[PDB]
Amino acid sequence: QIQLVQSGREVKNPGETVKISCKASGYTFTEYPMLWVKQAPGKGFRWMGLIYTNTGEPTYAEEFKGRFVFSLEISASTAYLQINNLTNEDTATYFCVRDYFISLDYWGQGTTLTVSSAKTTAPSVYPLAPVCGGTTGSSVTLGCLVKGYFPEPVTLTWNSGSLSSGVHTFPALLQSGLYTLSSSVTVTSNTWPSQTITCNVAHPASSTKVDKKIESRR
Amino acid sequence: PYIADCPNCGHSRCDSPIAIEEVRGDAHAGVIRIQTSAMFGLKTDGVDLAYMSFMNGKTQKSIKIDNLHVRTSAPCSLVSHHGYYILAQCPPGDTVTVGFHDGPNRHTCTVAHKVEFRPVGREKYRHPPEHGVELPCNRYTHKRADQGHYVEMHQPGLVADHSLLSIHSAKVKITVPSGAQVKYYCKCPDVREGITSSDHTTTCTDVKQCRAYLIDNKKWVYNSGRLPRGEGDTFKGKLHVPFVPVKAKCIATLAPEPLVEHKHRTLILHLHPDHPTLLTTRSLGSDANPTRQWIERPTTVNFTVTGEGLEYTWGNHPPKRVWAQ
Amino acid sequence: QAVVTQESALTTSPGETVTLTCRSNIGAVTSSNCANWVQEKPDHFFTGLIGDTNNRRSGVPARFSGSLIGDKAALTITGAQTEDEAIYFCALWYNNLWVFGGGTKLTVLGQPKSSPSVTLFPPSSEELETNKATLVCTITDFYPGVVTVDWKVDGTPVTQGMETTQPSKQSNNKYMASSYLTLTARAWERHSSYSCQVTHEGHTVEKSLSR
Amino acid sequence: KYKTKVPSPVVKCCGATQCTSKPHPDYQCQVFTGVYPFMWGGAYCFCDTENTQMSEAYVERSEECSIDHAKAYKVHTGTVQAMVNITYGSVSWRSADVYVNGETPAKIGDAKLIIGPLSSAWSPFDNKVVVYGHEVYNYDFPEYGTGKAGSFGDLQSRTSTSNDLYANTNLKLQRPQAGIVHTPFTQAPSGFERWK
């Protein structure tokens, strides 16, 4: 019914601008305005303002009057947050939210911004296959290591997303100035290596797409 | 919910959110349409007309309507509220006197306004009865689904709030509501506009010589005379009126029937009304020779009826007619 | 210019009744504050529970009810469930803006413990072609969500080279984490026995590779 | 009856704000100094005589003007009518609307009938007439554009839609008292209030 799906997470060096979209589904856009909330890493939840999706007038919280600008692609049921002249302390997650029932009833997924200086490094995608010997159980765990990229984000799927059950994707972590991510997938021992299992990785900032099929070590 | 300066706010001139402007005792049905500067109705967000949002602080308080009181010479009867605006059935009164009860405090507002309620009809009652004829009165609606007029409602100007101007242990310290736009400087030379988060004040020290302002134009207001202009612009915010004056047929007046008595080309009429009744006639000759007199005291009257006829109007009771040959 | 305050953390057991409160620094909370309650489950997952003090969002179990108790807004979970373990935030309206509380972390007894599923992978060969080798140790489906990961190259506790992520909550409400041990193509070829040891709710699991 | 729908006055805190004669009907506006306007925090303008207050008020049609409104007319003679029944002869029926001008037939039924012109040209309406809802007054209304304030026709709008009008209401703003925000509008209640 109601889905507010947000854009993916960006990386931006200080000074830049970002436009975060919120695409609304399930309600009539026009009778319910949008709340923009900032949940800062430590600090907790904060109201950034509200936009009248009918007239188009924004209210900003005083903390947010200035670099922040709400707007909407009415026509497509999108509300957008734009933060100009990005300050380093704006790294946090921003949620769109529907104001209804004397409060807020639905929250989006969040779009996380990491304001940070750094060039652009494409990831190296490495297959993780089991040890050279044996590996005999009722199931089997394969993996995919996405190493050394910048900036965030990368997306990772298994078999173009048709294999989602039994998957653990591990949050990217910064190490020596670069991000590293990994994912595991577990399937029955009959599936692999009988049927092909492929790691799909995209790094938008570098226009890098890598498809890596997990092959047996021998 | 706008806040303005009530004139005799219990003690004297306070600043009540329910500051009464535009009293309209101009209809007939015992009703007055009023505007509070407070916007009761739904809450801040979305629910239940029968809740209650006035301004406390810079802030609203969107809660229950529990103990509203409009009143005049006597306590009125609410009819309906919508927006800034309430309709209430009142008796006549030299003044108008409004007020709810938040619960900790009475917190009322009162005003002068000449009120009367003539019903439509040649009877000058003081009050609508249970019976009588219906006829075309002027009156306001119960409802909200209403567009017949709209009043300009653009932004608020700033407002004072010296709760902001605290002290930074030697300097006067302004803060902000939510990142709102605080327009600031002091008599001394320091920051001269103020479009900021919480500032300090390098130069001046005294709270009593500084600009505690709130440009908080995220929500428009009614354009009360007791509003300071938002100097920037005529922002948008054309906004309807609910309580349009409509052509209701009030349940309305009727005066007791006359006692018709015959004489030679003459109507003696022993007469005995309930209230002051405007009687009048028209001797149907091209000589009209009409008569008018409000009758409240019972009176035996007379009418030299002619050959061709006369007519007779006992209040809004229908006109009679008479052959006196 | 108002401060909403909430309990920091509350612990209950499945089947109990627990009350969370929301206090305003300016005065009693009233119906014109339109108390809202929002729940945050792991993964930045937000849902609204109650609005306008006591209106339950649609599709929120009835075990959840809101009210004003004394001078504060309250959320009562009647028959708390294991699934209710999350962060609950209250929001209060103040005539022109919203102020959110700090949130209450609620813990509910349930979800029987679960041992981790550990897997250690060898450096792939395309990576050994870079003059680098990274042993990945993945640990998933463990609960409670706290582990100790220790690496041991050739019998000797490695102590530099490793990085272990922080336990992240999976969907089923169990946790996961991975640890990396980066060697050089060369360090790789030198030593011969690698092992990733994971300690969880007292049992140990060692996964060793042999080059 | 008018409605003094006051636009919200300006308050410049230190120095003058000259007013201009906006084209609103009877746009009364008068600058005022020497205030100290108590607005929710005590006063707010930090000066004490340079505190300036510009009051402005114009006249506007009431909402009742659309519906509860007197109505003037210049009345000429026109042409009189009738729903003449004739239950004729053996025809026994025709109830037809006719005229008076002495060459108009009305072939409704079967008979052709020519009426008048009547000799009794007394139009009971006078030349000038005011009209109100149902009570019609053969009143010498002063005119559009002229009506003395308080007297009938202080407000004079051509029609209800007509944004332009003539508002001689003698609307005179006075300075607000003792450093408080409000708008003294001193005005005659309407010559539509009286006249009722």
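Residues numbered from 1 in each chain as written, not as in the entry; some residues may be left out. Chains lettered and ligands numbered in written order. Part of a larger assembly, values for the part shown. Heavy atoms only, no water. Residues with missing side-chain atoms left out of burial classes, pairs and counts.

Method of structure determination, per the deposited record: cryo-EM was used for this entry, reaching 7.3 Å resolution.

## Observations regarding the packing of aromatic side chains
Per the counting criterion, the structure on display carries 37 aromatic pairs over all chains. Judged by centre distance (5.7 Å) and plane angle (80°), the ring pair of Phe40 of chain B and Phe100 of chain B falls under edge-to-face. Pair noted here: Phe40 of chain B is in the loop between β2 (31-36) and β3 (51-56) and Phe100 of chain B is in the loop between β8 (93-99) and β9 (108-115), with a separation of 60 residues, a long-range link. With respect to burial, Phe40 of chain B and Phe100 of chain B carry one shared label: buried. Members of the aromatic cluster, joined through ring pairs, are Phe45, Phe95 and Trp107 of chain A together with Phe46, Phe89 and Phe100 of chain C. Over the aromatic face of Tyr106 of chain A sits the side chain of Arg57 of chain C, whose NZ or CZ is 4.5 Å from the ring centroid. For the cation-ring pair, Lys128 of chain D lies above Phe141 of chain D, with the distance from its terminal atom to the ring centre recorded as 5.7 Å. (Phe/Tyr/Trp six-rings, centres within 6.5 Å; stacked < 30°, edge-to-face > 60°. Helix = DSSP H or I, 4+ residues; strand = E, 2+ residues; numbered from the N terminus. Buried < 20%, exposed > 50% of the residue type's maximum accessible area, 1.4 Å probe, protein only. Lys NZ or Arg CZ within 6 Å of the ring centre and 35° of its normal.)

## Here's the deal with the interface of chain A and chain C
With 41 residues of chain A at the interface, the matching set in chain C holds 44 residues. Summing both sides of the interface, chain A and chain C together bury roughly 3500 Å²; the carbon and sulfur share of this comes to 64%. Among the residues chain A hides against chain C, the three largest losses belong to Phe45, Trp47 and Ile102 of chain A. Together they make up 17% of the total. The interface formed by chain A and chain C includes one salt bridge. (Contact = heavy atoms within 4.5 Å. Buried area = accessible area lost by both parts, 1.4 Å probe. Salt bridge = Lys/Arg side-chain N within 4 Å of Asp/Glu carboxyl O.)

## Describing the interface of chain C and chain B
Taken together, the contact between chain C and chain B spans 12 residues of the former and 21 residues of the latter. Across the chain C/chain B interface, buried area totals approximately 1300 Å², and carbon plus sulfur atoms make up 47% of it. In this structure, the connection of chain C to chain B is made through one salt bridge. Residue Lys43 of chain B pairs with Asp52 of chain C through a salt bridge whose shortest N-O separation is 1.2 Å. On inspection of chain C and its partner chain B, the count reaches 15 residue pairs in polar contact. In the side of chain C that touches chain B, the residues fall into four nonpolar, seven polar and one charged. (Polar contact = N/O pair within 3.5 Å; in protein donor to acceptor, adjacent residues only side chain to side chain. Nonpolar A, V, L, I, M, F, W, Y, C, P; charged D, E, K, R; others polar.)

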